[PDB]
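Let's start with one chain on its own, the form deposited in one PDB entry, as C-alpha cells.
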C-alpha cells in the first residue's frame, strides 16, 4: 500500500518520566514506523531493552539524535536516508552522543548498513567508548560535500570488544561484523558520467538524478528512495503539472498524469480543508496579495483587489516561531484579528510569567482581545485559563477550526486541565479535520451533550471526552442543559448556551 508513518519527536536530551515511561513512549511513537516526519530521537534506552521495532524505519526527514543510551544494540538496519529538514544544534542531521554507562560500557553496535545518503547537515560522534566499527565508515559517500567542513567526529573505544571488518568490505569500511555490514558505496565510486548516485563503477550503473540513496536501475522508478517528490512508484523533482502548453494548438492542454503537490507527495486531490492554488498545489495559507476563499466548495486563493486584510500569524510560526504560548509580550499582536493563520497555544507559563524568555505575566483581561477571532486555520490548544473564569469566554465567537496543522499531529482542539465548568463555545460550528480531546477538566460538565460528529468534515475524526467532572456529579449538582433546549446538547447551563 503506502508507507507507515509516525510523527517524530523534538525532545533532544529531555527525559520523559522514568527510564521505563520514556522507553514506552518511544516505542508507542515508532512501533511499525517507516517514515519519520520529524526527528528520530533515541535516548536513555537501558541495557537489554528490545529495540527491534526500529528495524522498520526507512527514512527520517529531520535529524537523528542517538544519545545517553546504555543499550548494546540500536538496530536501525533499514534506515536509508536522513534528509536533515531540521538540524540538531544548528549543524548536524545525525548526532550520536554519550551512549555509555557509569561502568563505561554502553552502545556497541549501530549497524546502519543502509544509511547511504544524508541530504543536508553534517554529523557528530562523541563519547561512545563501547562503539564498534563506525570509525571505519567513509562519510564522504554519505554526507553532502557542502557539509564536510562542519563534521565533528572522533571515535575512542577502550572497552575493545570490537571485531574487524569482513575482508570483503572495501577500504576496511563496515557497520558490523558480517559481509552484509560492509559499507555500500553509491556516490564516490561512480563513473565520471553520473551526476548522481550510482549502482557501481561502470557508466551504465548511473542512477536517475532523482534517486536519493541509490537505485536498482537507470529509470526514475528504480530509486531506492526519492530525493524530493514521490509520485506513485516514481521519484520526481516536481509534481507533474495539471496543464501542459501545446505548440500546435497554441493553447493549454490538460495533463492526465497531472497531480497536486502535498508534502513530499503528488496526489490526485488536495484534502478538503487545504487551500488549492491555481497552479496546482495544496497549501496552508495564502501568499502576499492572494487571499483565501472557496470558489466551489474548495478553498481557493485569489489576489485581493486592494491591500489585503491583516493576517495574524499563529503561535509557532512567523514572528512567533519559538513562542510557547500567547503571552503578555505577543498578545497585543492579536488585537483585532478575525482569523488566525496557524495555531493558538495557551499554557500555564503564560499566567505565571517566564524569566527564561523574559516574559512577564499575562493580565487575563488581555485575553478578551481574542473575542474577534472567528476562524483558526490550524488547531487550538488550551492547557490553562484564568482560574476565576468559568468558561472559555474569549472564544465565544469562534466558528471554524480547520485543523491544517494538528497538535502531536492528531488534535485540532485540545482543552485539558482547567477549573472551568463549561466550554462555552456557542459559535463553534465546524472542525474541518483533526481529533478532539477534552480531559482533565475536573469541573467541566456539559461536554458530552453535544454531538461532535456534526462538526466534523474529514473521515476519521474522533473524540476523547474523558476524565472531566463525571456525569453523575454534574446531574446531581444541577449542571445539565437548560429545559428550553432539550434536543442536541449545550455549551453551558444557560439557554443561550444550547446548540441551535
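The term rigid core refers to the most C-alpha atoms you can superpose between the two forms while keeping them within 1.5 Å. Numbering follows the first chain given and starts at 1.
Coverage remark for residue 305: absent from the model in at least one third of the other entries compared whose chains are built on both sides. Residue 413, present in the displayed chain, carries coordinates in each of the other PDB entries compared that cover both sides of it, far from a third leaving it out.
Legend: mean Cα B-factor per stretch from the PDB entry, 270-278 versus 406-414; the higher mean is in 270-278. Taking only CA atoms, the mean B-factor in the PDB entry is higher for 241-249 than for the other of 147-155 and 241-249. Take 288, 350, 381, 264 and read off each C-alpha B-factor from the entry; 288 has the highest. Among 136, 255, 339, 116, the highest C-alpha B-factor in the deposited entry belongs to 255.
Ranked by Cα temperature factor within the chain, residue 359 sits in the middle third according to the deposited record. When the modelled residues of the chain are ordered by C-alpha B-factor, residue 200 sits in the highest third. When the modelled residues of the chain are ordered by their C-alpha B factor, residue 171 lands in the highest third. Among all modelled residues in this chain, the alpha-carbon of residue 48 has a temperature factor (C-alpha) in the highest third. Per the deposited record, the Cα B-factor of residue 444 falls in the highest third when ranked against the other modelled residues of its chain.
The form deposited in another entry is left out here; the points below concern that form.
Among the candidates 220, 205, 231, 391, the CA atom that moves 2 angstroms or more between this form and the one not shown after core superposition belongs to 391 alone. With the core held fixed, the Cα of residue 472 is displaced between this form and the one not shown by 2 Å or more. For residue 424, the Cα coordinates differ by 2 angstroms or more between this form and the one not shown after the core has been superposed. When two forms of a protein are overlaid on their rigid core, residues whose CA moves 2 Å or more are considered shifted, and residue 128 is not one of them between this form and the one not shown. Wider separation of the C-alpha atoms of residue 231 and residue 408, by 3 angstroms or more, is seen in the other entry than in the present form. Whereas the displayed form keeps them at a certain spacing, the CA atoms of residue 13 and residue 408 lie at least 3 angstroms closer in the other entry.
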